Amino acid sequence: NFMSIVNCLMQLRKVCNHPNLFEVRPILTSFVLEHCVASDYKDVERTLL
Amino acid sequence: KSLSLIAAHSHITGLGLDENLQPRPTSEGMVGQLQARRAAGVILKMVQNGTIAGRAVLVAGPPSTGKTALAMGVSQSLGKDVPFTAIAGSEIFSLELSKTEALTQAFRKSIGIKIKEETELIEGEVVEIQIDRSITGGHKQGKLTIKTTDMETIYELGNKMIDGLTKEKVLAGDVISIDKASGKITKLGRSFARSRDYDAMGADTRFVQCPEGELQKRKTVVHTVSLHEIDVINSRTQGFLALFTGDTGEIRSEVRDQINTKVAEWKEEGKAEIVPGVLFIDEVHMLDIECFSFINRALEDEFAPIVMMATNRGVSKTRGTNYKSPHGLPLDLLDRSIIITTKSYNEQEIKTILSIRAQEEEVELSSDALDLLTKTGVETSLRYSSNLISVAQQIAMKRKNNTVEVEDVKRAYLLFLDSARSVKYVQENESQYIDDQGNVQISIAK
Amino acid sequence: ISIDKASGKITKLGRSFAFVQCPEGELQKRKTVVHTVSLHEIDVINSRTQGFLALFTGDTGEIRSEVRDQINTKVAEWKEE
Amino acid sequence: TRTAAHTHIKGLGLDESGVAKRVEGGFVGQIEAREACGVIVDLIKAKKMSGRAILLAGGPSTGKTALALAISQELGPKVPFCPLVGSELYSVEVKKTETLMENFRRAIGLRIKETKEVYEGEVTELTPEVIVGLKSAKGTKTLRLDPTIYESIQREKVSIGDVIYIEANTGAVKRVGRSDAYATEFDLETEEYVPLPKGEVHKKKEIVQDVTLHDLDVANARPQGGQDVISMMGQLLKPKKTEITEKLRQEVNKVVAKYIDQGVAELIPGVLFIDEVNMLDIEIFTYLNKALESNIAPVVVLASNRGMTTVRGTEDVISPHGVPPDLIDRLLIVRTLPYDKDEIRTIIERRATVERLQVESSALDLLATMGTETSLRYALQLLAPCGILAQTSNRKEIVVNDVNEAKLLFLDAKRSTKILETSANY
Ligand SMILES: Nc1ncnc2c1ncn2[C@@H]1O[C@H](COP(=O)(O)OP(=O)(O)O)[C@@H](O)[C@H]1O
Ligand SMILES: Nc1ncnc2c1ncn2[C@@H]1O[C@H](COP(=O)(O)OP(=O)(O)O)[C@@H](O)[C@H]1O
Ligand SMILES: [Mg+2]
Ligand SMILES: [Mg+2]
Ligand SMILES: [Mg+2]
């Protein structure tokens, strides 16, 4: 019937509207360890000292 | 814990022997070699005695004779509390420690000391941590209510422990394994009281460990360290950095002398416990004459842990010298030490070992493939079939059937070659690959 | 006098006299500049902190291969875009 | 674009049963090598076992390294392939054995999920004793600087009107620059104008930055906090690689075990590579002989080809492939056969197609004749020179004149040797 054609047309009006590009660039940071291996042995070192 | 998925050497867990120092024909994976296992038990009783020193034994004979299996069985059978040094002698060379320094480090690591320290504790739910100002009359009125499940009690901070709680940012109610001579208060998390708090609905968000022991009790904590840690502590004011990174720096002799005296008097004073372990080394035919003299004097020294030294090669060239002698060792050390010969295997023990390997790898084999593997192994060597079983299992998956059939082992045999196959293939291609001169006749025609 | 905006750097085009005539044209000019750099230089500048001294003193050896792979993929995707 | 003798190979071509096609994805013959490589590929895809190695033996231009690159590109991005040559293990400041274990530790991939957060905002005040009042788009919060990071902040010339990208977990500070809000300060202001960052200052993200075993080794052996001054001293006192011992190895094993048992992380194996083990001395062979007898040594591949030649590092050990007899007895041989006339034809055809050379039929056949007459590599190196010669000699195709000019210009080893026996001087 008559109207639901326009239901698809709400897509046909987003194709001629505007396309775009990407132009992305990668960049990173340093990942982290924070459990540490210092506090577990400093006490033993001071005891033996 | 101890992440190691599988190995050709992860199939033995604890060896197997009896109170009579007699071998077990199926001793938890490793089989046969009655002399080898009886000698292993003899050495085990020797090291449990802890009364002899400066003994060297040579595991001679042809290679592949369960020598590594013997070493692993001994290591897993002696038990805990006795750390070992199982390192091959090839990596003795280094760009940071000389040969003398490396040998001294190994020898001093082979002998350990346990130390008992009468440390203290203050355990209990410290529901509050009050830090009052430094009043002139009383320099610290710092309230803090440590109480276990047994009793309810309060305490007081002596203007030194306030930052000890919060060296890392923690709250009250933390079980504190405090030490008097540490200054670094360790918080164990949260803790419980024995009160219902207020009348309306509440008591939410409370499920943790509650203190169990007494408010205070002495703990004679035992710590096990090697001479490496003590020596690196002596050399530099900070020693953990060099223990972790590994840049000790060839510590000097008077340090070892004063440590010798200190350990002797500590043993005499009943504060330390001597644990004279045993050192394991490999490829002794490859060892060099300066190491020979080093071990020669070490054996005659009053302090020398027992030695597990072995030469896979027989009547091989003695590295570091111009002459070749049996075992790759000159007759001086050869007569100084003792010898245990090791002979090869028959086929049935190879079959049993491979069956143990398979059931360790939880693979539903078919006995036809096992028979093929036994034949292939006995023709060339055990390790051949030890790899053939795995590759045939892979081929079993590749044909979409769990059972390891004949065609799997056949494809494994035909695809990957054999030492005899390789030598025949190369001696017929004397002018096809790179040779002594490197003459490669890539020209197939003309 | 010619100065840059983003840096304020001073460049002596020359004294007027006591010997260049007063310039004509417009004050603010725009242009483009292309900077060249070799692969090893990119590897060594960003691998560590003191590598800038290594640009002249050469105080580095066996740069970590992780930085090399990262700069290689950076160059690959730079060329791609 | 650029092409260097490869990128023509794009996979073995194994079917659902692991059988590769004749010529597909840059391949020619050698069904034995292809099938063995497929078997190893399946074994690695199992991801259950470890501590096994093979060697593939073949002459020059027999596809050994070609098969290595094929298996590498077949494995995929995440699982790493480790290429290394016997010349690489000769290091400078550390011993070769430690280098081998560094390669082994960095070989195994370890997918991990650790946490990072970043404080980023416009500074509002600083209180020396430290306050840094970062103001983001919707948040304005004042952290405390530890004295070291306080000094780092001081060196960052950060003042009212500045935004800094100071990480939370590492702690290092990276100033973003002058705030774009104060764009009305100078029409030609030198400093870049960057606005107030979005979200709260303490922006938190979930990151999938993984770690190789060597990565977390150097994480604590040589801390790399970076931008702070104390991190500069930390990375300056010991910037190099230190000889990590077995004690830190066991500590690292415990740490990785607890991290992988935390649940989110996982383990993936890897493949290492060695070429021309004939040049390797007896010391490294003997050490690796006892090193593969472990539970952590991952999969490595060997590429060597020597006849009855003495093993380097010795004087009397004569064996094929320059490998000591024990290693041969504990290592799996893969066979490779010399290439044939039709294989040479197809190789030159594919190498012309990848190089955008539309070499005609008779030219291709003659190039095959030269490939079969002296050596495959001699014919392969002439594809670009003949094309460029025909371009300079105004020919889209390659006539016999171009190949004859190449054969009289770019000689092979045989012709040079023929010259060398008749010369008044070397
Ligand atoms: N008697 C045995 N029982 C079980 N496994 C063995 C036995 N002998 C050798 N192996 C296997 O062989 C490997 C060690 O080889 P080995 O025979 O010790 O060589 P070598 O005697 O030259 O040291 C181990 O991984 C082990 O799994
Ligand atoms: N099956 C193949 N398909 C396509 N090109 C190959 C093949 N085998 C070898 N080549 C080419 O021959 C050259 C030599 O092969 P490579 O494996 O790298 O070293 P080698 O075979 O000499 O050990 C390589 O540059 C490669 O491009
Ligand atoms: Mg063995
Ligand atoms: Mg003597
Ligand atoms: Mg090759």
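Criteria and thresholds
Residues numbered from 1 in each chain as written, not as in the entry; some residues may be left out. Chains lettered and ligands numbered in written order. Part of a larger assembly, values for the part shown. Heavy atoms only, no water. Residues with missing side-chain atoms left out of burial classes, pairs and counts. Helix = DSSP H or I, 4+ residues; strand = E, 2+ residues; numbered from the N terminus. Rg over C-alpha atoms; globule rule 2.2 N^0.38 Å. Donors = N, O, S within 2.8 Å, 3.2 Å for Na, K, Ca; no water. Buried < 20%, exposed > 50% of the residue type's maximum accessible area, 1.4 Å probe, protein only. Near = heavy atom within 4 Å. Polar contact = N/O pair within 3.5 Å; in protein donor to acceptor, adjacent residues only side chain to side chain. Areas by Shrake-Rupley, 256 points an atom, 1.4 Å probe, with all protein chains shown as cover. Nonpolar A, V, L, I, M, F, W, Y, C, P; charged D, E, K, R; others polar. Pairing = 2+ DSSP bridges. Axes fitted to C-alpha atoms, helices over the stretch in contact; angles between N-to-C directions. Contact = heavy atoms within 4.5 Å. Buried area = accessible area lost by both parts, 1.4 Å probe. Salt bridge = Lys/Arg side-chain N within 4 Å of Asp/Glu carboxyl O. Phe/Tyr/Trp six-rings, centres within 6.5 Å; stacked < 30°, edge-to-face > 60°. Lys NZ or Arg CZ within 6 Å of the ring centre and 35° of its normal. Core = buried A, V, L, I, M, F, W, Y, C linked by side-chain atoms within 4.5 Å. Patch = residues over 30% accessible without salt bridge, like charges linked within 9 Å, V, L, I, M, F, W, Y side chains within 5 Å. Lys, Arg positive; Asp, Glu negative; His and termini not counted. Parallel < 35°, antiparallel > 145°, perpendicular 65-115°, else oblique. Left-handed = near helix turned anticlockwise from the far one by under 90°.

- In terms of determination method and resolution, the entry is listed under cryo-EM at 4.4 Å.

### With respect to the overall build of chain D
Then, in step 1: Helices and strands together make up the secondary structure of chain D, namely 15 helices and 14 strands.
Then, in step 2: Taken over C-alpha atoms, the radius of gyration comes to 30 Å for chain D, far larger than the 22 Å a tight globule of 426 residues would show.
Then, in step 3: On the principal axes, the C-alpha backbone points of chain D span a range of 85 × 60 × 60 Å.

### Looking at the overall build of chain C
Then, in step 1: In terms of helices and strands, chain C carries 3 helices and 2 strands.
Then, in step 2: When the helices and strands of chain C are placed in sequence order, the string is β-β-α-α-α.
Then, in step 3: On C-alpha atoms alone, chain C measures out to a radius of gyration of 20 Å, which is more than a quarter above the 12 Å that the 2.2 N^0.38 rule sets for 81 residues.
Then, in step 4: With the principal axes as the frame, chain C shows a C-alpha extent of 55 × 35 × 20 Å.

### What about the coordination of the magnesium ion (ligand 5)?
Residue and element names in this part refer to chain D.
Then, in step 1: At 2.2 Å from the magnesium ion (ligand 5) lie its protein donor atoms, namely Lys 64 (N) and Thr 65 (N).
Then, in step 2: Residue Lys 64 is classed as buried on the basis of its relative accessible area of 13%.
Then, in step 3: For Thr 65, a relative accessible area of 36% gives the class partly exposed.

### Digging into the site of ligand 2
Residue and element names in this part refer to chain D.
Then, in step 1: Within the structure, ligand 2 sits among 14 residues, and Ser 61, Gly 63, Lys 64, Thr 65 and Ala 66 are positioned closest to it.
Then, in step 2: Between ligand 2 and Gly 26, the relevant distance is 2.9 Å, taken from a nitrogen atom to a main-chain nitrogen or oxygen of the residue.
Then, in step 3: Between ligand 2 and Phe 27, the relevant distance is 3.4 Å, taken from a nitrogen atom to a main-chain nitrogen or oxygen of the residue.
Then, in step 4: Protein chains shield 87% of the accessible area of ligand 2, which is 540 Å² for the free molecule.
Then, in step 5: Here the shell around ligand 2 is composed, by residue class, of 6 nonpolar, 7 polar and 1 charged.

### A word on the site of ligand 1
Residue and element names in this part refer to chain B.
Then, in step 1: With respect to spatial proximity, 17 residues lie near ligand 1, and among them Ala 8, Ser 64, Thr 65, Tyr 345 and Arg 383 are the closest.
Then, in step 2: Between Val 31 and ligand 1, the recorded distance is 3.2 Å, taken from a backbone N or O atom to a nitrogen atom.
Then, in step 3: Coverage of ligand 1 by the protein amounts to 95% of the 540 Å² it exposes when considered alone.
Then, in step 4: Listing elements by their share of the shell around ligand 1, those giving two or more residues are β2 (30-31) and α2 (67-78).
Then, in step 5: With 3 residues, α2 is the single largest residue contributor to the shell around ligand 1.

### Points about the sheet that holds strand β8 (residues 155-157) of chain B
All names here are of chain B.
Then, in step 1: The 3 strands are arranged β6-β7-β8 in an open sheet whose pairing can be described as antiparallel. Only two strands of the sheet have a single neighbouring strand rather than two, namely β6 (125-129) and β8. Here the average twist between neighbouring strands, direction ignored, is 30°.
Then, in step 2: Here 3 bridges tie β6 to strand β7 (residues 142-147), and the two strands are oriented antiparallel to one another.

### Some words on the arrangement of the chains
Then, in step 1: Contacts between protein chains span 5 pairs of chains, and they are most numerous for chains B and D.
Then, in step 2: With no contact between them, chain B and chain C keep their nearest C-alpha atoms 16 Å apart.

### Some thoughts on the interface of chain B and chain D
Then, in step 1: Contacts between the two partners involve 60 residues from chain B and, on the opposite side, 76 residues from chain D.
Then, in step 2: Buried surface at the junction of chain B and chain D, both sides included, amounts to about 6,000 Å², of which 58% is carbon and sulfur.
Then, in step 3: Applying the counting rule to chain B against chain D returns 4 salt bridges.
Then, in step 4: Note that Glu 361 of chain B and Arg 52 of chain D form a salt bridge whose closest N and O atoms lie 3.6 Å from each other.
Then, in step 5: At the surface where chain B touches chain D, the tally comes to 23 residue pairs in polar contact.
Then, in step 6: Residue assignment for the side of chain B that touches chain D shows that the elements contributing at least two residues are α6 (240-245), α12 (382-398), α13 (406-415) and α14 (419-427) of chain B.
Then, in step 7: Broken down by class, the residue content of the side of chain B that touches chain D amounts to 24 nonpolar, 19 polar and 17 charged.

### A closer look at the packing of aromatic side chains
All names here are of chain B.
Then, in step 1: Taken as a whole, this structure holds 7 aromatic pairs over all chains when the rule is applied.
Then, in step 2: The interplanar angle of 65° and the centroid separation of 5.9 Å between the aromatic rings of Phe 240 and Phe 244 together place this pair among those described as edge-to-face. Taken together, the residues span about one helical turn, with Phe 240 and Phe 244 both in helix α6 at a distance of 4 residues.
Then, in step 3: Residue classification places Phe 240 among the buried positions, given a relative accessible area of 12%.
Then, in step 4: Look at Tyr 425 and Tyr 433: their rings are 5.9 Å apart centre to centre, the planes differ by 75°, and that puts the pair in the edge-to-face class. You'll find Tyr 425 and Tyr 433 in the same group, each marked buried.
Then, in step 5: Taking NZ or CZ as reference, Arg 421 lies 3.9 Å from the ring centre of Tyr 413, over its face.

### With respect to the interface of chain C and chain D
Often the size quoted for an interface is simply the accessible area lost on bringing the parts together.
Then, in step 1: Counting from both sides, the interface comprises 9 residues of chain C and, opposite them, 11 residues of chain D.
Then, in step 2: Of the residues contributing to the side of chain C that touches chain D, the split by class is 1 nonpolar, 6 polar and 2 charged.

### Topic: the sheet that holds strand β3 (residues 56-59) of chain B
Then, in step 1: On the basis of which strands lie adjacent, the open sheet formed by 5 strands has the order β4-β11-β12-β3-β13 (chain B) and parallel pairing. Each edge of the open sheet is held by one strand with a lone partner, namely β4 (85-86) and β13 (338-340) of chain B.

### Regarding the nonpolar core
Then, in step 1: Ranked by internal contacts, the top residues of the largest apolar core, which has 40 residues, are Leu 373, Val 391 and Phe 416 of chain B.
Then, in step 2: Counting 26 residues, the second largest nonpolar core, distinct from the first, contains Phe 104, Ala 297, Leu 302 and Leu 331 of chain D.

### Side note on the pattern of salt bridges
Then, in step 1: Within the structure shown, the criterion is met by 43 salt bridges over all chains.
Then, in step 2: The residue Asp 288 of chain B makes a salt bridge to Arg 319 of chain B at a minimum N-O spacing of 2.7 Å. Placement of the pair is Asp 288 of chain B in the loop between β11 (278-280) and α8 (289-300) and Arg 319 of chain B in the loop between β12 (306-309) and α9 (331-336), with a sequence separation of 31 residues.
Then, in step 3: Of the residues examined, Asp 288 of chain B reaches a relative accessible area of 7% and is grouped as buried.
Then, in step 4: Among the salt bridges present, the one from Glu 98 of chain D reaches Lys 95 of chain D, with a minimum N-O distance of 3.9 Å.
Then, in step 5: Judged by relative accessible area, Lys 95 of chain D falls into the buried class, the value being 14%.
Then, in step 6: What emerges from the salt-bridge pattern is a single network uniting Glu 102, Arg 105, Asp 217 and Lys 241 of chain D.

### Structural notes on the environment of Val 307 of chain B
Residue and element names in this part refer to chain B.
Then, in step 1: Along the chain, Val 307 turns up in strand β12.
Then, in step 2: On a C-alpha basis, the gap between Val 307 and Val 278 in space is 6.1 Å, while along the polypeptide they are 29 residues apart.
Then, in step 3: If near-sequence neighbours (up to four positions away) are discounted, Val 307 is found in contact with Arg 55, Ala 56, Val 57, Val 278 and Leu 279.

### Digging into a nonpolar patch on the surface
Then, in step 1: Side chains of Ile 5, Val 6, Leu 9, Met 10, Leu 12 and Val 15 of chain A sit close together on the surface and give an oily, nonpolar patch of about 550 Å² of accessible area.
Then, in step 2: Considering the arrangement of structural elements, one finds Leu 12 of chain A in helix α1 (residues 4-12).

### A word on the side chain of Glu 243 of chain D
Then, in step 1: Residue placement: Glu 243 of chain D occurs in the loop between α6 (229-237) and α7 (246-261).
Then, in step 2: Notably, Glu 243 of chain D is buried but unbridged: the nearest opposite-charge side chain belongs to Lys 95 of chain D, and the N-O separation is 4.1 Å.
Then, in step 3: If sequence neighbours within four positions are ignored, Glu 243 of chain D has contacts with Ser 94, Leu 95, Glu 96, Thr 245 and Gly 246 of chain B together with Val 94 and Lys 95 of chain D.

### Some thoughts on the packing of helix α10 (residues 347-360) of chain B against α12 of chain B
All names here are of chain B.
Then, in step 1: Relative orientation of the contacting elements α10 and α12 amounts to 30°, with a least axis distance of 11 Å. Accordingly, the angle class assigned to the pair α10 and α12 is roughly parallel. Here α10 and α12 pass one another in a crossing that is right-handed. Contact residues: α10 offers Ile 350, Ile 353, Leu 354 and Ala 358, while α12 offers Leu 382, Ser 385, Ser 386 and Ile 389.
Then, in step 2: Taken together, the residues of the contact of α10 with α12 sort by class into 6 nonpolar, 2 polar and no charged.

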